[PDB]
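As stored in final33.csv (CSV, N, CA and C atoms):
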```
chain,number,residue,atom,x,y,z
P,1856,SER,N,9.3,26.1,-1.7
P,1856,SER,CA,9.4,27.3,-2.7
P,1856,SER,C,10.7,27.0,-3.4
P,1857,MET,N,11.2,27.9,-4.3
P,1857,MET,CA,12.5,27.7,-5.0
P,1857,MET,C,13.6,27.4,-4.1
P,1858,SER,N,14.2,26.2,-4.4
P,1858,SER,CA,15.4,25.6,-3.7
P,1858,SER,C,15.1,25.3,-2.2
P,1859,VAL,N,13.8,25.1,-1.9
P,1859,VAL,CA,13.3,24.8,-0.5
P,1859,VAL,C,12.3,23.7,-0.7
P,1860,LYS,N,12.7,22.4,-0.3
P,1860,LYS,CA,11.9,21.3,-0.5
P,1860,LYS,C,11.8,20.4,0.8
P,1861,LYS,N,10.6,20.0,1.1
P,1861,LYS,CA,10.3,18.9,2.1
P,1861,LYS,C,11.1,17.6,1.7
P,1862,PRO,N,11.5,16.8,2.6
P,1862,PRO,CA,12.2,15.5,2.3
P,1862,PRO,C,11.4,14.6,1.2
P,1863,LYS,N,12.2,14.0,0.3
P,1863,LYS,CA,11.6,13.3,-0.8
P,1863,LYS,C,11.0,11.9,-0.4
P,1864,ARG,N,9.7,11.9,-0.2
P,1864,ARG,CA,8.9,10.6,-0.1
P,1864,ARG,C,9.1,9.6,-1.3
P,1865,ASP,N,9.3,8.4,-1.0
P,1865,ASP,CA,9.7,7.4,-2.0
P,1865,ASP,C,8.4,7.0,-2.7
P,1866,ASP,N,8.2,7.4,-3.9
P,1866,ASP,CA,7.0,7.1,-4.7
P,1866,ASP,C,7.3,6.0,-5.8
P,1867,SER,N,8.5,5.4,-5.7
P,1867,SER,CA,8.9,4.4,-6.8
P,1867,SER,C,8.1,3.1,-6.9
P,1868,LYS,N,7.4,2.7,-5.8
P,1868,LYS,CA,6.5,1.6,-5.7
P,1868,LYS,C,5.0,1.9,-5.8
P,1869,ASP,N,4.7,3.2,-6.0
P,1869,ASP,CA,3.2,3.6,-6.1
P,1869,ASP,C,2.5,2.9,-7.2
P,1870,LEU,N,3.1,2.8,-8.4
P,1870,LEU,CA,2.4,2.2,-9.6
P,1870,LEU,C,2.1,0.7,-9.3
P,1871,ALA,N,3.0,0.0,-8.8
P,1871,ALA,CA,2.8,-1.4,-8.4
P,1871,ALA,C,1.8,-1.5,-7.3
P,1872,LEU,N,1.8,-0.7,-6.3
P,1872,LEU,CA,0.9,-0.8,-5.2
P,1872,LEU,C,-0.6,-0.4,-5.7
P,1873,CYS,N,-0.7,0.6,-6.5
P,1873,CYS,CA,-2.1,1.0,-7.0
P,1873,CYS,C,-2.6,-0.2,-7.9
P,1874,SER,N,-1.7,-0.9,-8.6
P,1874,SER,CA,-2.1,-2.1,-9.4
P,1874,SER,C,-2.7,-3.2,-8.5
P,1875,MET,N,-2.0,-3.4,-7.4
P,1875,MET,CA,-2.4,-4.4,-6.5
P,1875,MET,C,-3.8,-4.1,-5.8
P,1876,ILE,N,-4.0,-2.8,-5.4
P,1876,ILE,CA,-5.3,-2.4,-4.9
P,1876,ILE,C,-6.4,-2.7,-6.0
P,1877,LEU,N,-6.1,-2.3,-7.2
P,1877,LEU,CA,-7.1,-2.3,-8.3
P,1877,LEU,C,-7.4,-3.8,-8.5
P,1878,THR,N,-6.3,-4.7,-8.5
P,1878,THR,CA,-6.6,-6.1,-8.6
P,1878,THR,C,-7.6,-6.6,-7.5
P,1879,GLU,N,-7.5,-6.2,-6.3
P,1879,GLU,CA,-8.3,-6.6,-5.2
P,1879,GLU,C,-9.7,-6.1,-5.4
P,1880,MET,N,-9.8,-4.9,-5.9
P,1880,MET,CA,-11.2,-4.3,-6.2
P,1880,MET,C,-11.8,-5.1,-7.4
P,1881,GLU,N,-11.1,-5.4,-8.4
P,1881,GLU,CA,-11.5,-6.3,-9.6
P,1881,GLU,C,-12.1,-7.6,-9.2
P,1882,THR,N,-11.5,-8.2,-8.1
P,1882,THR,CA,-11.8,-9.6,-7.7
P,1882,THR,C,-12.8,-9.6,-6.6
P,1883,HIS,N,-13.2,-8.5,-6.0
P,1883,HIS,CA,-14.3,-8.5,-5.0
P,1883,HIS,C,-15.6,-9.0,-5.6
P,1884,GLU,N,-16.3,-9.8,-4.8
P,1884,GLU,CA,-17.6,-10.3,-5.3
P,1884,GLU,C,-18.7,-9.2,-5.7
P,1885,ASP,N,-18.6,-8.0,-5.1
P,1885,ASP,CA,-19.5,-6.9,-5.4
P,1885,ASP,C,-19.0,-5.9,-6.5
P,1886,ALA,N,-17.9,-6.3,-7.2
P,1886,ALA,CA,-17.3,-5.5,-8.2
P,1886,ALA,C,-18.2,-5.4,-9.5
P,1887,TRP,N,-19.1,-6.4,-9.7
P,1887,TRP,CA,-19.8,-6.6,-11.0
P,1887,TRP,C,-20.4,-5.4,-11.6
P,1888,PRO,N,-21.0,-4.4,-10.8
P,1888,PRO,CA,-21.5,-3.2,-11.5
P,1888,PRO,C,-20.5,-2.2,-12.1
P,1889,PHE,N,-19.2,-2.5,-11.8
P,1889,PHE,CA,-18.1,-1.5,-12.0
P,1889,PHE,C,-17.1,-2.0,-12.9
P,1890,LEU,N,-17.1,-3.3,-13.4
P,1890,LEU,CA,-16.1,-3.9,-14.1
P,1890,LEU,C,-15.9,-3.3,-15.5
P,1891,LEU,N,-17.0,-2.9,-16.1
P,1891,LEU,CA,-17.0,-2.4,-17.5
P,1891,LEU,C,-17.7,-1.1,-17.6
P,1892,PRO,N,-17.4,-0.3,-18.6
P,1892,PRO,CA,-18.2,0.9,-18.7
P,1892,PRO,C,-19.8,0.6,-18.9
P,1893,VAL,N,-20.5,1.5,-18.3
P,1893,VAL,CA,-22.0,1.5,-18.4
P,1893,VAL,C,-22.3,1.7,-19.9
P,1894,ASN,N,-23.3,0.9,-20.4
P,1894,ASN,CA,-23.6,0.9,-21.9
P,1894,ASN,C,-24.5,2.1,-22.2
P,1895,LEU,N,-23.9,3.1,-22.7
P,1895,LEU,CA,-24.6,4.4,-22.9
P,1895,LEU,C,-25.7,4.4,-24.0
P,1896,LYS,N,-25.7,3.4,-24.8
P,1896,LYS,CA,-26.8,3.1,-25.8
P,1896,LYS,C,-28.0,2.4,-25.0
P,1897,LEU,N,-27.7,1.6,-24.0
P,1897,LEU,CA,-28.7,0.7,-23.4
P,1897,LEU,C,-29.2,1.2,-22.1
P,1898,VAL,N,-28.7,2.2,-21.5
P,1898,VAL,CA,-29.1,2.7,-20.2
P,1898,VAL,C,-29.6,4.1,-20.3
P,1899,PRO,N,-30.9,4.2,-20.5
P,1899,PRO,CA,-31.5,5.6,-20.5
P,1899,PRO,C,-31.1,6.5,-19.4
P,1900,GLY,N,-30.8,7.7,-19.7
P,1900,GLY,CA,-30.5,8.8,-18.8
P,1900,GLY,C,-29.0,8.8,-18.4
P,1901,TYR,N,-28.3,7.7,-18.6
P,1901,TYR,CA,-26.8,7.7,-18.1
P,1901,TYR,C,-25.9,8.7,-18.7
P,1902,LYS,N,-26.0,8.8,-20.1
P,1902,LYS,CA,-25.2,9.7,-20.9
P,1902,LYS,C,-25.3,11.1,-20.5
P,1903,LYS,N,-26.6,11.6,-20.4
P,1903,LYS,CA,-26.9,13.0,-20.0
P,1903,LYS,C,-26.6,13.4,-18.6
P,1904,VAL,N,-26.9,12.5,-17.7
P,1904,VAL,CA,-26.7,12.7,-16.3
P,1904,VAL,C,-25.3,12.6,-15.8
P,1905,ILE,N,-24.6,11.6,-16.2
P,1905,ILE,CA,-23.2,11.3,-15.6
P,1905,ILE,C,-22.1,11.9,-16.5
P,1906,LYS,N,-21.6,13.0,-16.1
P,1906,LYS,CA,-20.8,13.8,-17.1
P,1906,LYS,C,-19.5,13.1,-17.3
P,1907,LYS,N,-18.9,12.4,-16.3
P,1907,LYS,CA,-17.7,11.7,-16.4
P,1907,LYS,C,-17.8,10.2,-16.0
P,1908,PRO,N,-18.2,9.4,-16.9
P,1908,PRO,CA,-18.3,7.9,-16.6
P,1908,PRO,C,-16.9,7.4,-16.3
P,1909,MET,N,-16.9,6.4,-15.3
P,1909,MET,CA,-15.6,5.8,-15.0
P,1909,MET,C,-15.9,4.4,-14.6
P,1910,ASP,N,-15.0,3.4,-14.8
P,1910,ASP,CA,-15.2,2.0,-14.4
P,1910,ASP,C,-13.8,1.4,-14.2
P,1911,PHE,N,-13.8,0.2,-13.6
P,1911,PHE,CA,-12.5,-0.4,-13.3
P,1911,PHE,C,-11.6,-0.8,-14.5
P,1912,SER,N,-12.3,-1.2,-15.6
P,1912,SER,CA,-11.5,-1.6,-16.8
P,1912,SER,C,-10.8,-0.3,-17.5
P,1913,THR,N,-11.4,0.8,-17.4
P,1913,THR,CA,-10.9,2.1,-17.9
P,1913,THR,C,-9.8,2.6,-16.9
P,1914,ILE,N,-10.0,2.4,-15.6
P,1914,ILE,CA,-8.8,2.7,-14.7
P,1914,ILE,C,-7.7,1.8,-15.0
P,1915,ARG,N,-7.9,0.5,-15.2
P,1915,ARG,CA,-6.8,-0.4,-15.5
P,1915,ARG,C,-6.1,0.0,-16.8
P,1916,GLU,N,-6.8,0.3,-17.8
P,1916,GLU,CA,-6.1,0.8,-19.0
P,1916,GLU,C,-5.3,2.1,-18.9
P,1917,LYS,N,-5.8,3.0,-18.1
P,1917,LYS,CA,-5.2,4.3,-17.8
P,1917,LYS,C,-3.9,4.0,-17.0
P,1918,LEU,N,-4.0,3.1,-16.0
P,1918,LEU,CA,-2.9,2.7,-15.1
P,1918,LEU,C,-1.7,2.1,-16.0
P,1919,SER,N,-2.1,1.1,-16.7
P,1919,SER,CA,-1.2,0.4,-17.6
P,1919,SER,C,-0.5,1.2,-18.6
P,1920,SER,N,-1.0,2.4,-19.0
P,1920,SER,CA,-0.5,3.2,-20.1
P,1920,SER,C,0.1,4.5,-19.7
P,1921,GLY,N,0.4,4.6,-18.4
P,1921,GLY,CA,1.0,5.9,-17.9
P,1921,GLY,C,0.2,7.1,-17.9
P,1922,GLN,N,-1.1,7.0,-17.8
P,1922,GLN,CA,-2.0,8.1,-17.8
P,1922,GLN,C,-2.4,8.7,-16.4
P,1923,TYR,N,-1.9,8.1,-15.4
P,1923,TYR,CA,-2.0,8.7,-14.0
P,1923,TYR,C,-0.6,9.3,-13.7
P,1924,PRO,N,-0.6,10.6,-13.5
P,1924,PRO,CA,0.7,11.3,-13.1
P,1924,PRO,C,1.1,11.0,-11.7
P,1925,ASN,N,0.1,10.7,-10.8
P,1925,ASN,CA,0.5,10.4,-9.4
P,1925,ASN,C,-0.6,9.6,-8.7
P,1926,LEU,N,-0.3,9.1,-7.5
P,1926,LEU,CA,-1.3,8.2,-6.9
P,1926,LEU,C,-2.6,9.0,-6.6
P,1927,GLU,N,-2.6,10.3,-6.4
P,1927,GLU,CA,-3.8,11.0,-6.1
P,1927,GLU,C,-4.8,11.1,-7.3
P,1928,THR,N,-4.3,11.1,-8.5
P,1928,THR,CA,-5.2,11.1,-9.7
P,1928,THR,C,-5.8,9.7,-9.8
P,1929,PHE,N,-5.1,8.7,-9.4
P,1929,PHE,CA,-5.6,7.3,-9.4
P,1929,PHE,C,-6.8,7.2,-8.4
P,1930,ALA,N,-6.6,7.7,-7.2
P,1930,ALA,CA,-7.7,7.7,-6.2
P,1930,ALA,C,-8.9,8.5,-6.7
P,1931,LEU,N,-8.7,9.6,-7.3
P,1931,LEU,CA,-9.8,10.5,-7.8
P,1931,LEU,C,-10.7,9.7,-8.8
P,1932,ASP,N,-10.1,8.9,-9.7
P,1932,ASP,CA,-10.9,8.1,-10.6
P,1932,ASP,C,-11.6,6.9,-9.9
P,1933,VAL,N,-11.0,6.3,-8.9
P,1933,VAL,CA,-11.6,5.2,-8.2
P,1933,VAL,C,-12.9,5.8,-7.5
P,1934,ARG,N,-12.7,7.0,-6.8
P,1934,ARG,CA,-13.8,7.6,-6.1
P,1934,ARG,C,-14.9,8.0,-7.1
P,1935,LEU,N,-14.5,8.5,-8.3
P,1935,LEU,CA,-15.5,8.9,-9.3
P,1935,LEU,C,-16.4,7.7,-9.6
P,1936,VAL,N,-15.9,6.5,-9.7
P,1936,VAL,CA,-16.7,5.3,-9.9
P,1936,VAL,C,-17.9,5.3,-8.9
P,1937,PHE,N,-17.5,5.5,-7.6
P,1937,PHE,CA,-18.5,5.4,-6.5
P,1937,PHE,C,-19.4,6.6,-6.4
P,1938,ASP,N,-18.9,7.7,-6.7
P,1938,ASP,CA,-19.7,8.9,-6.8
P,1938,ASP,C,-20.7,8.9,-7.9
P,1939,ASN,N,-20.3,8.4,-9.0
P,1939,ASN,CA,-21.3,8.2,-10.1
P,1939,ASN,C,-22.4,7.2,-9.8
P,1940,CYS,N,-21.9,6.1,-9.1
P,1940,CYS,CA,-22.9,5.0,-8.7
P,1940,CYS,C,-23.9,5.7,-7.7
P,1941,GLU,N,-23.5,6.5,-6.8
P,1941,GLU,CA,-24.5,7.1,-5.8
P,1941,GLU,C,-25.4,8.1,-6.5
P,1942,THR,N,-24.9,8.8,-7.5
P,1942,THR,CA,-25.7,9.7,-8.3
P,1942,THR,C,-26.9,9.0,-9.0
P,1943,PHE,N,-26.7,7.9,-9.6
P,1943,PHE,CA,-27.6,7.1,-10.4
P,1943,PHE,C,-28.4,6.0,-9.7
P,1944,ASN,N,-28.0,5.5,-8.6
P,1944,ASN,CA,-28.6,4.3,-8.0
P,1944,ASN,C,-29.1,4.6,-6.6
P,1945,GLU,N,-30.3,4.2,-6.3
P,1945,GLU,CA,-30.8,4.3,-5.0
P,1945,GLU,C,-29.9,3.6,-4.0
P,1946,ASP,N,-29.8,4.1,-2.8
P,1946,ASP,CA,-29.0,3.4,-1.7
P,1946,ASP,C,-29.6,2.0,-1.4
P,1947,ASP,N,-30.9,1.8,-1.4
P,1947,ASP,CA,-31.6,0.6,-1.2
P,1947,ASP,C,-31.8,-0.2,-2.5
P,1948,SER,N,-30.7,-0.5,-3.2
P,1948,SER,CA,-30.7,-1.4,-4.4
P,1948,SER,C,-29.5,-2.2,-4.3
P,1949,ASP,N,-29.4,-3.3,-5.1
P,1949,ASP,CA,-28.2,-4.1,-5.1
P,1949,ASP,C,-27.0,-3.3,-5.6
P,1950,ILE,N,-27.1,-2.5,-6.6
P,1950,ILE,CA,-26.0,-1.7,-7.1
P,1950,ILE,C,-25.6,-0.6,-6.1
P,1951,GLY,N,-26.6,0.0,-5.5
P,1951,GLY,CA,-26.4,1.1,-4.6
P,1951,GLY,C,-25.6,0.5,-3.4
P,1952,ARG,N,-26.0,-0.6,-2.9
P,1952,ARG,CA,-25.3,-1.2,-1.8
P,1952,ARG,C,-23.8,-1.7,-2.2
P,1953,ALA,N,-23.7,-2.2,-3.4
P,1953,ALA,CA,-22.4,-2.6,-3.9
P,1953,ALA,C,-21.5,-1.4,-3.9
P,1954,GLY,N,-22.0,-0.3,-4.3
P,1954,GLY,CA,-21.1,0.9,-4.4
P,1954,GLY,C,-20.6,1.3,-3.0
P,1955,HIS,N,-21.5,1.4,-2.1
P,1955,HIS,CA,-21.1,1.7,-0.7
P,1955,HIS,C,-20.1,0.7,-0.2
P,1956,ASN,N,-20.3,-0.6,-0.4
P,1956,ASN,CA,-19.4,-1.6,0.1
P,1956,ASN,C,-18.0,-1.5,-0.5
P,1957,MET,N,-18.0,-1.2,-1.9
P,1957,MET,CA,-16.7,-1.2,-2.6
P,1957,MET,C,-15.9,0.1,-2.2
P,1958,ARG,N,-16.6,1.2,-1.9
P,1958,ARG,CA,-16.0,2.4,-1.5
P,1958,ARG,C,-15.3,2.3,-0.1
P,1959,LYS,N,-16.0,1.6,0.8
P,1959,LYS,CA,-15.4,1.2,2.1
P,1959,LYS,C,-14.2,0.3,1.9
P,1960,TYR,N,-14.2,-0.8,1.1
P,1960,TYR,CA,-13.2,-1.6,0.9
P,1960,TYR,C,-12.0,-0.9,0.4
P,1961,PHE,N,-12.2,0.0,-0.6
P,1961,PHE,CA,-11.1,0.8,-1.2
P,1961,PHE,C,-10.4,1.8,-0.2
P,1962,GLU,N,-11.2,2.5,0.6
P,1962,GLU,CA,-10.7,3.5,1.4
P,1962,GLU,C,-9.8,2.9,2.5
P,1963,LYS,N,-10.2,1.7,3.0
P,1963,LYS,CA,-9.3,1.0,3.9
P,1963,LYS,C,-8.0,0.6,3.3
P,1964,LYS,N,-8.0,0.0,2.2
P,1964,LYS,CA,-6.8,-0.4,1.5
P,1964,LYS,C,-5.9,0.8,1.2
P,1965,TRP,N,-6.6,1.9,0.9
P,1965,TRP,CA,-5.8,3.1,0.5
P,1965,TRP,C,-5.1,3.6,1.8
P,1966,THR,N,-5.8,3.8,2.9
P,1966,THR,CA,-5.2,4.2,4.2
P,1966,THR,C,-4.1,3.3,4.7
P,1967,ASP,N,-4.4,1.9,4.6
P,1967,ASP,CA,-3.4,1.0,5.1
P,1967,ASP,C,-2.1,0.9,4.2
P,1968,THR,N,-2.2,1.2,2.9
P,1968,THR,CA,-1.1,1.1,2.0
P,1968,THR,C,-0.2,2.4,2.0
P,1969,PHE,N,-0.9,3.5,2.2
P,1969,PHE,CA,-0.3,4.8,1.9
P,1969,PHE,C,-0.3,5.8,3.1
P,1970,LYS,N,-1.1,5.7,4.1
P,1970,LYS,CA,-1.2,6.6,5.2
P,1970,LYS,C,-0.6,6.0,6.5
```
Would you write the structure of this file as structure tokens?
Amino acid sequence: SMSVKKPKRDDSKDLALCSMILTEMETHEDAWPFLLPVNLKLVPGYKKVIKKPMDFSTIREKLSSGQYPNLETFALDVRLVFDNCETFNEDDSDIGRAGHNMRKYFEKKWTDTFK
């Protein structure tokens, strides 16, 4: 509350560390469905159904330009990529499996770097 604060957690390395995670997600062999925005002219139903499209290149641009206020807003966009994937793709598809794999990969790196 006013003039009452928990001890200050060092957040000075968060930007660098989220960049490193994002690099590791970019270079994963199952990243290909997620590297670029889904083409809303060429994929029927995407535009109407997926209200907030997100992809790794869009996260990279937001990261590089100071549009994440804190590490939690960064994680929310990463998770959004996988939540969108599950909304649109059957579990038993190459893309559906890719999304589950990448979400696992992310959540481990997140826990190991920050928890």
Nearest to residue 1909 (chain P), chosen from P:1922, P:1882, P:1939, P:1956, with only N, CA and C atoms counted in the distances: P:1939
Go through P:1910, P:1932, P:1866, P:1945 one by one, measure the shortest atom-to-atom distance of each to residue 1891 (chain P) using only N, CA and C atoms, and give the residue with the smallest value.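 For residue 1891 (chain P), the nearest of the given residues is P:1910.
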I'd like the neighbourhood of residue 1961 (chain P) as JSON, numbers by chain, where a residue qualifies if any of its atoms comes within 8 Å (using all atoms listed in the file), though same-chain residues fewer than 5 positions away should be ignored. {"P": [1876, 1880, 1955, 1956, 1966, 1967]}
Rounded to one decimal, what separation in Å do you get between atom C of residue 1927 (chain P) and atom C of residue 1879 (chain P)?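 These two atoms are separated by 18.0 Å.
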Radius query 8 Å about (-19.1, 7.8, -12.2), atoms used: all atoms listed in the file, as number ranges by chain: P: 1905-1910, 1932, 1934-1942
Given the selection you just returned, output its residues as a file containing N, CA and C atoms, formatted as an mmCIF file, in the coordinates of the input.
```
data_model
loop_
_atom_site.group_PDB
_atom_site.id
_atom_site.type_symbol
_atom_site.label_atom_id
_atom_site.label_comp_id
_atom_site.auth_asym_id
_atom_site.auth_seq_id
_atom_site.Cartn_x
_atom_site.Cartn_y
_atom_site.Cartn_z
ATOM 1 N N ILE P 1905 -24.600 11.600 -16.200
ATOM 2 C CA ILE P 1905 -23.200 11.300 -15.600
ATOM 3 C C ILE P 1905 -22.100 11.900 -16.500
ATOM 4 N N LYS P 1906 -21.600 13.000 -16.100
ATOM 5 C CA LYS P 1906 -20.800 13.800 -17.100
ATOM 6 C C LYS P 1906 -19.500 13.100 -17.300
ATOM 7 N N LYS P 1907 -18.900 12.400 -16.300
ATOM 8 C CA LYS P 1907 -17.700 11.700 -16.400
ATOM 9 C C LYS P 1907 -17.800 10.200 -16.000
ATOM 10 N N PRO P 1908 -18.200 9.400 -16.900
ATOM 11 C CA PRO P 1908 -18.300 7.900 -16.600
ATOM 12 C C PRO P 1908 -16.900 7.400 -16.300
ATOM 13 N N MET P 1909 -16.900 6.400 -15.300
ATOM 14 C CA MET P 1909 -15.600 5.800 -15.000
ATOM 15 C C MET P 1909 -15.900 4.400 -14.600
ATOM 16 N N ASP P 1910 -15.000 3.400 -14.800
ATOM 17 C CA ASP P 1910 -15.200 2.000 -14.400
ATOM 18 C C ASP P 1910 -13.800 1.400 -14.200
ATOM 19 N N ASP P 1932 -10.100 8.900 -9.700
ATOM 20 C CA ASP P 1932 -10.900 8.100 -10.600
ATOM 21 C C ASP P 1932 -11.600 6.900 -9.900
ATOM 22 N N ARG P 1934 -12.700 7.000 -6.800
ATOM 23 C CA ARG P 1934 -13.800 7.600 -6.100
ATOM 24 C C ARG P 1934 -14.900 8.000 -7.100
ATOM 25 N N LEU P 1935 -14.500 8.500 -8.300
ATOM 26 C CA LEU P 1935 -15.500 8.900 -9.300
ATOM 27 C C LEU P 1935 -16.400 7.700 -9.600
ATOM 28 N N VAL P 1936 -15.900 6.500 -9.700
ATOM 29 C CA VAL P 1936 -16.700 5.300 -9.900
ATOM 30 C C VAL P 1936 -17.900 5.300 -8.900
ATOM 31 N N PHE P 1937 -17.500 5.500 -7.600
ATOM 32 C CA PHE P 1937 -18.500 5.400 -6.500
ATOM 33 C C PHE P 1937 -19.400 6.600 -6.400
ATOM 34 N N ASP P 1938 -18.900 7.700 -6.700
ATOM 35 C CA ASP P 1938 -19.700 8.900 -6.800
ATOM 36 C C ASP P 1938 -20.700 8.900 -7.900
ATOM 37 N N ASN P 1939 -20.300 8.400 -9.000
ATOM 38 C CA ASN P 1939 -21.300 8.200 -10.100
ATOM 39 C C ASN P 1939 -22.400 7.200 -9.800
ATOM 40 N N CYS P 1940 -21.900 6.100 -9.100
ATOM 41 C CA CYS P 1940 -22.900 5.000 -8.700
ATOM 42 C C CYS P 1940 -23.900 5.700 -7.700
ATOM 43 N N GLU P 1941 -23.500 6.500 -6.800
ATOM 44 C CA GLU P 1941 -24.500 7.100 -5.800
ATOM 45 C C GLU P 1941 -25.400 8.100 -6.500
ATOM 46 N N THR P 1942 -24.900 8.800 -7.500
ATOM 47 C CA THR P 1942 -25.700 9.700 -8.300
ATOM 48 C C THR P 1942 -26.900 9.000 -9.000
#
```
Nearest residue to residue 1944 (chain P) out of P:1884, P:1874, P:1901, P:1867, using only C-alpha atoms?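 Counting only C-alpha atoms, the residue closest to residue 1944 (chain P) is P:1901.
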Quote the spacing between CA of residue 1893 (chain P) and atom N of residue 1952 (chain P) in Å to one decimal place.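 Atom-to-atom, CA of residue 1893 (chain P) to atom N of residue 1952 (chain P), that is 16.1 Å.
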Report the distance between CA of residue 1964 (chain P) and atom N of residue 1926 (chain P) in Å, rounded to one decimal place.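 Result for CA of residue 1964 (chain P) versus atom N of residue 1926 (chain P): 14.6 Å, one decimal.
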